[PDB]
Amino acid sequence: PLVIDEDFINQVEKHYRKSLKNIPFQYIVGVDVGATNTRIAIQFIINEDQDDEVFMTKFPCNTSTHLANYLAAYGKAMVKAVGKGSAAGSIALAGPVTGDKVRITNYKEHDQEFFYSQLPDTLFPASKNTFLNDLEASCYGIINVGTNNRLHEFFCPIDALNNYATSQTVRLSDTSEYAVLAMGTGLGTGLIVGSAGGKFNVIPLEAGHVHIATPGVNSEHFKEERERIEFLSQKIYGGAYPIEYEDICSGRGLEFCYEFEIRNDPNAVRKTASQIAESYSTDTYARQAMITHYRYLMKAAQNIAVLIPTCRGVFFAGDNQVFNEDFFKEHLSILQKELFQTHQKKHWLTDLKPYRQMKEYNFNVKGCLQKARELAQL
């Protein structure tokens, strides 16, 4: 009763039939589990270690049970299509990885725990798999693009008026550390950490779930900032808890911000995150909600840069960042001031280099496939 993507499976079978019946081959698996959709990538390998074709599909999923069932079904279809299981598999999930489980933060709350044991061995063979956080996987994808000297094709300095970037102005130094943040359904955060010798490690973070502090009592917009922080505590938690960065820096958080802006307008109607991002030019409430949404993204990055004294750069990543580039560039001055000026430790941040993604790319799946490639020991 689980519908396999027919186009995907026919492509895999057609490729097996035309190209793989009489040569040695393997395949590695990369799975990108977001809060509302999961992507599966199959990368074939021939000639011991050469990339062959990659095939991808995606399905709606927001419970752990459904995710386990879909992965089991895709494992059986793959074995049926090409005659054997994968050589290695990597899965990245939108939650904190603690040992042998992940709690997928924005899956339905009654069924968000996914365990290592729910991986099908057909796609994740024993001792040949990794359990990753989604933003952690993006970091490995970013490292890998950096190694291939293409980081400046996907990111530019936030103040690049014409998106100009070079291998000199956008690069990863193996003696530096970088924060990565990506606003989507949730606020993903992580650290890329260099080691002399060109090696990079990734530190997973859950900074999207630390509490937002209120600005100083004599700061310019104190009254409104505090009013919003209290309004949202009431709305999201009944006031039992204060808000996290993700309660503003997310799709649902953008919608909450808009509802705050329109709260005293009896004629205003709430808008979805998409409608807000599309209509900020003609709807001043949407502009203000967008400004708030991205201002607190800057504060989240500022919080990490104060927390991590060796943090030298920050990458604002994700497809949403690319989609909102016009808004971001039009309000650059406001967002730089938020990042660099609104902390008494601003002199610690003077040299922080911020970058924004300027081309769509699935760094998650890229990180997964590279991790699986290493595990496969080709």
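In case it trips you up, residue 1 is the first one in the sequence shown, and so on.
Enquirer: Using only the Cα atoms and their B-factors as the entry lists them, report which of 297 to 305 and 272 to 280 averages higher.
Expert: So the stretch with the higher mean C-alpha B-factor is 272 to 280.
Enquirer: Which has higher Cα B-factors on average according to the PDB entry: 43 to 51 or 59 to 67?
Expert: The recorded data point to 43 to 51.
Enquirer: Whose CA atom has the top B-factor in the entry, of 105, 201, 292, 130?
Expert: Spelled out: the listed residue with the top C-alpha B-factor is 130.
Enquirer: By the entry's C-alpha temperature factors, tell me which of 138, 90, 98, 219 sits highest.
Expert: Within the set 138, 90, 98, 219, 98 shows the top C-alpha B-factor.
Enquirer: Using the B-factors in the PDB entry, rank residue 161's C-alpha atom against the chain and give the third, lowest, middle or highest.
Expert: It belongs to the highest third of the chain when residues are ordered by C-alpha B-factor.
Enquirer: Place residue 247 in the lowest, middle or highest third of its chain's C-alpha B-factors, as listed in the PDB entry.
Expert: It falls in the bottom third of the chain.
Enquirer: Among the modelled residues of its chain, does the C-alpha B-factor of residue 233 lie in the lowest, middle or highest third?
Expert: Its C-alpha B-factor belongs to the lowest third of this chain's values.
Enquirer: Relative to the other modelled residues of the same chain, rank the CA B-factor of residue 258 and answer lowest, middle or highest third.
Expert: For residue 258, whose C-alpha B-factor we compare with every modelled residue in the chain, the answer is the lowest third.
Enquirer: Is the Cα B-factor recorded for residue 150 in the lowest, middle or highest third of its chain?
Expert: Answer is highest: the recorded C-alpha B-factor places it there.
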